[PDB]
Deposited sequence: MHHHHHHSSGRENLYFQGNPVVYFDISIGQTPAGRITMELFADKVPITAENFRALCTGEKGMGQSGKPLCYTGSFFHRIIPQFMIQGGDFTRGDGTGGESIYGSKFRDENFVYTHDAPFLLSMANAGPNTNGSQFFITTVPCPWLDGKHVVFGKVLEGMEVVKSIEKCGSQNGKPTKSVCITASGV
């Protein structure tokens, strides 16, 4: 029932493999749909004047033993991103950050979801009730670990990590 989406990942100029993700559309349908549509790029051009699509965007902030963060396809540095909806409200906090390899929304406070997201690499319970958890990695866990190793304490990647393709 739940959509399954993927990112193909390159680290530097080198294809790393694919992260395959389940989105919890059954419990978090608005948040899952935004992410699904940003993987396919099916909504076309956005309000920022760029494609509403993760393809070509990077994991711009990577912290080892914490998480990997991406989805800023408008500014590429954490200051941008946009939802298919034009920010949206925190849908619910049904799921918690109780495991690595969960997908959750980055934000800039309450009810500011756009396109940025993270994949956890540890439990992040201090984020419960503040970031909407909306899926998990099904396959490609080792790719997430390879991305994570490219992180830094200041979050700056030591090698670029690109979503070279995305979709269903």
Ranges of the deposited sequence (numbered from 1) for which no C-alpha atom is modelled: 1-17, 104
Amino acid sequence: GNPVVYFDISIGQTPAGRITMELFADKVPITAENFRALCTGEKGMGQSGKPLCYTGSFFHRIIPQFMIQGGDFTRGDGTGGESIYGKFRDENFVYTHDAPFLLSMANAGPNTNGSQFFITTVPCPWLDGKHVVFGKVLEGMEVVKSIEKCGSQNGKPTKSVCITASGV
From here on, numbers count along this sequence of modelled residues.
39-47 set against 65-73, stretch whose average Cα temperature factor tops the other in the entry: 39-47
Stretch exceeding the other in mean C-alpha B-factor - 133-141, 111-119: 133-141
Highest-ranked of 30, 53, 99, 103 once sorted by CA temperature factor in the record: 99
CA B-factor placement of residue 16, once the chain's modelled residues are sorted into thirds: highest
Chain-relative CA temperature factor third for residue 4: middle
